[PDB]
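Some notes on the structure that comes next.
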6 protein chains.
Amino acid sequence: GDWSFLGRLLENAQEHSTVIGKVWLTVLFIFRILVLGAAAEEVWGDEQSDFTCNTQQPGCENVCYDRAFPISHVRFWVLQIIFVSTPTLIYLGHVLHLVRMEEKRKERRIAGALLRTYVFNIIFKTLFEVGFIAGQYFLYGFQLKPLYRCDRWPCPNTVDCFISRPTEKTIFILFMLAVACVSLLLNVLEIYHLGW
Amino acid sequence: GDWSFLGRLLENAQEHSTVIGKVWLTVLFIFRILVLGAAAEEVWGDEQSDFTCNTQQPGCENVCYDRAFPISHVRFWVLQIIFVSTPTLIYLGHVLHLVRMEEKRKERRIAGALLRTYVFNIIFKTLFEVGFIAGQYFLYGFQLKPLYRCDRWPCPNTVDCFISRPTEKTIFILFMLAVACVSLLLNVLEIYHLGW
Amino acid sequence: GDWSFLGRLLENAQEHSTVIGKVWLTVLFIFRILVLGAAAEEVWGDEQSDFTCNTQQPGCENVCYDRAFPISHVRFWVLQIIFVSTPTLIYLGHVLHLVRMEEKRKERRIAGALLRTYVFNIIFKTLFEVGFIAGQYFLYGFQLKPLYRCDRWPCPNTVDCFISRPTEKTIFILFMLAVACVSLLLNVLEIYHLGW
Amino acid sequence: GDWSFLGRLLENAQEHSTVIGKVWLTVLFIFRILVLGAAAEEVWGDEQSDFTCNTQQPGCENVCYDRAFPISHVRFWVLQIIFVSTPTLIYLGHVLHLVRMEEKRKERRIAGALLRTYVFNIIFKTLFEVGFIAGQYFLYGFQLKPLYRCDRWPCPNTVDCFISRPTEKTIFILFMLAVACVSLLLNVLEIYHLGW
Amino acid sequence: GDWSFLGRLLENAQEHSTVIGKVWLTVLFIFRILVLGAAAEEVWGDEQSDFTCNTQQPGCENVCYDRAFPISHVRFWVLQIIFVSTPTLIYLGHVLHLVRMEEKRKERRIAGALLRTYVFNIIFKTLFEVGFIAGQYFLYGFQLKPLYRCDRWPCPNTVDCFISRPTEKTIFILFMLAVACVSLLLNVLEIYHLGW
Amino acid sequence: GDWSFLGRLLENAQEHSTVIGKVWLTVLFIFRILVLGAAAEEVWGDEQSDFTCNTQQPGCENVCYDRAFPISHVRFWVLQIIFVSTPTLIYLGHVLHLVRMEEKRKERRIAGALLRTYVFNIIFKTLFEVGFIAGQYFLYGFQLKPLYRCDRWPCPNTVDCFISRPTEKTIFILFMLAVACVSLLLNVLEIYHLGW
């Protein structure tokens with residue numbers, strides 16, 4: 001995963017953002033992207049190769065892994081990172097557009113319409129963070145149990161399947177939840193600093 | 001996959017493009033290339049190694065995987081990215097050619113022929129996006145089912161084969177479809193902003 | 001693991017830090033991050049693939065590895081690196097904030113509030129280093145024995161499981177402990193140089 | 001595969017090349033190098049690991065894969081890329097040599113000998129492209145069939161072996177052929193634009 | 001293994017070092033780091049996966065590999081590189097400290113204390129090189145034999161285990177020994193050039 | 001394998017080298033380093049994993065691979081590249097030393113001693129290229145046969161072992177031989193251009 005281009009754009013957003021916004025971006029880079037690439041990806045590397053079911057039925061392990069893990073937590077976190085970054089890019093684009101328009105007018109910061117877009121950016125960021133949190137909760141909860149009981153065809157009756165690294169995965173699930181909640185708190189602080 | 005050179009050329013196109021065009025390029029970088037490299041490639045990594053068939057026939061799994069997946073979705077998306085980028089490079093080359101010709105004439109933006117080429121770029125982009133969408137539909141549909149029934153020689157009679165990660169793959173198929181459709185909408189908006 | 005962004009921010013902190021602080025950062029880069037990426041990650045690469053249990057029970061090896069290693073040492077060290085870096089980033093952010101405020105005031109180092117934040121940075125760094133050391137001790141100790149005895153369900157009775165590379169892992173555990181203790185000594189020297 | 005150095009030299013050639021030459025280089029970068037690294041290498045990754053023969057004879061699969069695939073298509077394409085790039089480097093070296101000689105003479109573009117070398121570059125490029133095309137044809141054709149029949153010792157009698165991903169490989173074979181033919185057309189256009 | 005940061009610091013040391021010191025650094029980069037990353041790491045890649053023991057005893061191969069190879073040669077060489085680099089960083093830090101102090105004094109090379117630190121750097125470098133050489137000798141010798149006889153529990157009686165690539169590993173062991181001895185000679189030449 | 005640092009130093013040598021020397025360096029970068037990293041490394045990737053022997057004897061495959069391949073061709077080529085580069089670095093160091101001495105004298109190209117060192121560089125380059133060629137010949141010849149007959153203990157009597165990819169490996173052996181011989185011819189041309 002090469003996050004270079006998103007990083008380069010979000011550092012530009014850092015130049016035009018509030019101090020709390022700069023904190024939020026630093027959290028995104030260090031506590032989400034960096035952890036994901038240095039720690040979590042490895043943890044989940046053997047998610048299917050080390051997933052085992054007590055059965056001689058061909059195809060059962062495939063369908064049972066798929067049912068247990070419709071989307072890997074790491075993929076979900078990648079999507080979450082991209083969506084919570086997107087409004088920042090929208091605001092930065094509006095910034096660059098107004099700067100280029102100003103340069104043109106000359107040939108021939110946060111107030112006004114730019115402040116309205118900034119605050120909308122903070123709102124959409126908040127809603128997307130909340131949505132991904134709640135989706136993670138309703139899909140997986142905040143804990144991975146070692147045992148998964150599977151009755152999906154072709155599996156005969158109910159089969160016992162065993163997860164790879166349930167405890168380490170639970171640790172990182174809770175870590176990422178905490179980081180997301182810190183991000184929400186930062187957004188709320190941005191909207192209370194702007195309000196005040 | 002190293003997209004550095006294409007990125008460097010498309011950022012140049014960003015300098016000479018319309019605001020909606022800049023949005024389109026940002027979508028290309030963040031929602032297609034970045035997702036492909038950070039999420040999808042991994043999902044499809046074990047497409048054949050985890051593909052299983054209920055048979056003792058040597059060679060059956062090979063032919064059945066090949067019939068089920070004549071071209072992996074990720075390869076198709078790579079090709080799609082390159083073709084929908086190509087017209088942008090054509091327009092940028094015409095731009096650079098006219099700039100160098102202007103420098104020469106001095107030694108010894110979007111209107112005129114450059115606007116005609118820009119609009120042709122938007123047209124070919126649209127047609128290629130549509131073509132890849134329709135091709136994906138007629139080849140795979142927009143869903144991967146866990147079970148694939150295969151009767152290709154040497155397989156005896158009909159054999160049951162099981163896909164790796166059908167649900168995660170379906171999620172990303174639909175995600176990439178949505179991103180492609182957003183790109184089409186952006187192209188249409190470019191041609192309506194230029195028209196108006 | 002791409003530590004580029006954290007490195008780029010901590011080199012900025014190096015520009016605004018004390019000489020002992022510069023030593024601390026150099027230790028972080030060379031004796032923790034570099035070792036982790038060049039040596040330790042490889043050592044732990046086959047932590048589960050080479051973990052073996054004397055049993056025919058499906059799922060036992062999974063649960064036994066998970067119980068023996070709730071979180072891999074390398075993941076723990078990654079987290080430790082990030083948390084002991086975080087206060088440095090806080091102090092650097094306060095620095096940049098005051099510099100930007102000074103530039104603004106002009107339009108329209110370690111003393112004062114900046115020295116208070118610096119010393120708080122050294123305090124939190126110390127507490128986090130100590131906390132990770134003590135956590136490592138209470139979780140794993142400072143030695144990995146080849147034999148792990150496991151009675152976790154589904155394992156029948158008690159099962160003998162064997163670790164991958166116990167001795168090399170012990171060497172690197174003790175190396176990382178020594179590096180952490182050197183870091184603590186450096187922090188103490190920072191607070192005694194500032195006191196004097 | 002790190003193509004950085006060749007890229008850096010060919011972009012210099014881009015600075016001193018004709019517009020059609022610039023198109024040719026862009027095709028080389030985007031439709032050959034980028035595809036090879038982002039798509040094809042992966043397709044061929046399991047060329048031998050997923051190659052299967054219906055036999056209990058030790059060593060047969062090795063010799064049969066070797067006979068079927070004396071050189072992998074991807075290696076052949078790497079060589080082709082390097083050889084069709086080489087004349088460009090020769091011309092660029094002559095350019096730099098004349099520029100340095102001019103600087104020396106001062107201390108103490110395409111006409112003349114430089115145009116003769118340019119046209120020889122286009123000729124050798126054409127001949128090498130044609131040679132690699134014809135070699136690919138006589139070695140493999142333009143299609144990979146799933147079944148390979150092998151009678152090489154130690155294989156007893158004739159053995160049935162099955163290819164990995166024959167259809168995807170055929171798609172990329174034909175794609176690379178088309179790209180090579182487009183390159184030939186571009187060379188011919190360079191020599192007709194220079195002639196006219 | 002990403003040696004970028006250590007390289008960047010040691011090139012700074014190159015700017016402030018003696019000609020023989022520059023030779024030493026070049027040897028470090030080309031004959032130790034580059035070889036380690038381009039050749040040796042691969043040789044040792046399958047050190048445990050290809051290590052085989054003639055036994056049906058679960059866990060024996062694990063304990064026997066661990067006893068034969070308490071620390072892989074490549075990890076040892078990484079540590080050696082870092083420790084023999086460390087004094088160079090100390091000297092460079094003293095250099096930068098004196099330069100910054102000089103700039104401060106202005107606001108408000110090798111002689112003196114800087115020469116004393118340089119010579120201490122050469123001394124510690126020598127002692128660390130010697131220590132790693134002697135440690136390698138007492139741990140492994142300068143040759144890896146194909147056969148390792150193991151009686152460690154759970155192995156029943158004495159078991160015959162076979163090493164991966166003993167001869168290639170011996171070649172690289174002797175190569176790295178020779179490079180270390182060349183480094184020692186260079187240090188001795190530095191101290192004799194400084195003495196004279 | 002990261003050749004960045006050697007490349008950066010050899011491009012400096014390119015700035016101070018003869019035109020034929022520049023050709024030699026370009027050959028080194030494009031036809032040796034680039035091929036090695038983009039093509040050959042992959043070919044040899046499964047050298048031991050796909051090496052098979054017709055035996056039930058534990059340890060025989062290990063010893064037989066080791067006897068057949070005491071050092072992999074790719075490792076040998078890496079060493080060859082480094083040694084044939086080394087004299088270039090020596091000459092470049094002498095160049096930089098004289099330039100720094102000139103700057104010092106001012107404070108307080110190829111003729112003279114610099115030409116003597118240049119010609120010695122060409123001589124050592126030639127001798128090392130010849131030595132590696134002859135060593136490759138006496139060790140492996142210029143062809144890898146599929147069958148290797150092995151009688152090394154523990155193998156009972158004589159065992160038949162089969163090589164991975166003998167034909168592709170032979171192709172690349174002959175390619176690298178041809179490239180080395182071209183390099184020798186270039187050296188001879190350097191010494192005849194200097195002589196004349």
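Values below: every heavy atom of this structure, side chains too, minus hydrogens, waters and symmetry copies. Below, read A as the first sequence line, B as the second, and so on, with proteins coming before strands; counting in each chain starts at 1.
- Residues satisfying the ring-ring contact (aromatic ring centres under 6.0 Å, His included) test with A:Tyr192, not counting sequence neighbours, are A:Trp196.
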Exercise for review: Give the intermediate values and the outcome of side chain to side chain contact (heavy atoms under 4.5 Å, CB included) for residues A:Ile123 and A:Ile191.
Suggested key: CA-CA 9 Å; A:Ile123 298 275; A:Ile191 271 167; 3.9 Å; yes
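- The side-chain heavy atoms of A:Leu177 and A:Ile173, taken from C-beta on, include no pair separated by under 4.5 Å.
- The stretch residues 70-98 of chain C places C:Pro70, C:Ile71, C:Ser72, C:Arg75, C:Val78, C:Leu79, C:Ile82, C:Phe83, C:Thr86, C:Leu89, C:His97 near chain A, each with some heavy atom under 4.5 Å from a heavy atom of that chain.
- Under the 4.5 Å side-chain criterion, counting only non-hydrogen atoms from C-beta, A:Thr55 is in contact with A:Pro156.
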Review point. Could you go step by step and tell me if A:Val182 and A:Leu186 meet the side chain to side chain contact (heavy atoms under 4.5 Å, CB included) rule?
Key: CA-CA 6 Å; A:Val182 166; A:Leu186 293 170; 4.3 Å; yes
Going by atom type alone, with no hydrogens or angles, which donor-acceptor pairs under 3.5 Å involve a side-chain atom of residues 142-152 of chain A and a protein atom two or more places apart or on another chain?
{"from": "A:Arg149", "atom 1": "NE", "to": "A:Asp160", "atom 2": "OD1", "distance (Å)": "3.0"}
{"from": "A:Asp151", "atom 1": "OD1", "to": "A:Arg67", "atom 2": "NH1", "distance (Å)": "3.4"}
{"from": "A:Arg152", "atom 1": "NH1", "to": "A:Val63", "atom 2": "O", "distance (Å)": "3.0"}
{"from": "A:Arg152", "atom 1": "NH1", "to": "A:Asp66", "atom 2": "OD2", "distance (Å)": "3.0"}

Check your understanding: A:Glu190 and A:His193: side chain to side chain contact (heavy atoms under 4.5 Å, CB included), yes or no, with the steps?
Key -> CA-CA 5 Å; A:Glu190 291 171 84; A:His193 187 58; 5.9 Å; no
Point to revise | side chain to side chain contact (heavy atoms under 4.5 Å, CB included) evaluation trace for C:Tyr137 with C:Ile133 | key: CA-CA 6 Å; C:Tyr137 176 70; C:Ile133 286 169; 5.7 Å; no
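- In terms of modelled atom types and a separation under 3.5 Å, the side chain of C:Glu61 and the main chain of C:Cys53 share a donor-acceptor contact.
- Contact annotation for C:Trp153: only side-chain heavy atoms (C-beta onward) come within less than 4.5 Å of a heavy atom of chain A.
- Residues of residues 15-50 of chain C lying under 4.5 angstrom from chain A, judged on non-hydrogen atoms, are C:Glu47, C:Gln48 by number.
- Inter-residue side-chain proximity for C:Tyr118 and C:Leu194 is flagged as met; some heavy-atom pair is nearer than 4.5 Å.
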